[PDB]
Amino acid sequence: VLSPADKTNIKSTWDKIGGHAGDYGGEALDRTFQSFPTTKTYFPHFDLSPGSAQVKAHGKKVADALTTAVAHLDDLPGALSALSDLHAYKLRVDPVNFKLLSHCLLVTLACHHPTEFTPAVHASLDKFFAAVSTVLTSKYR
């Protein structure tokens, strides 16, 4: 479902962003909350005001999770099992919200890395985020 070319595109793009990933996670969340206000209802405990320390810190966690996924493209269910438990069993996040965050991740990457964000890379990253979303919204105990 992810092609060999997809995996190459994902790994290469993710390596290029390097240590900026954490920041981009924060920005993507900010974009998601601003563009799609209903997503904020999952974070009532968060200060969601500009410059939020909670959002910045959480963005780092999201980025780290995606970094883990990049290292395990052939076994996402195994690698992200704990995150599936959280998002599927405990948080019970509507799959629609994953589409919204994935879109804002693409937007964030396009904003920062125009040379890297080719149509082919765009396509591979969308499939990457979709694959991760499916795992986190699935109950597979």
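Residue numbers here begin at 1 and follow the sequence given.
30-38 and 74-82 differ in mean CA B-factor, and the higher of the two is recorded for 74-82. Per the PDB record, of the two stretches 122-130 and 9-17, 9-17 carries the greater mean B-factor over its C-alpha atoms.
Within the selection 48, 101, 109, 93, the deposited Cα B-factor values reach their highest point at 48. The PDB entry assigns residue 53 a C-alpha temperature factor belonging to the highest third of its chain's modelled residues.
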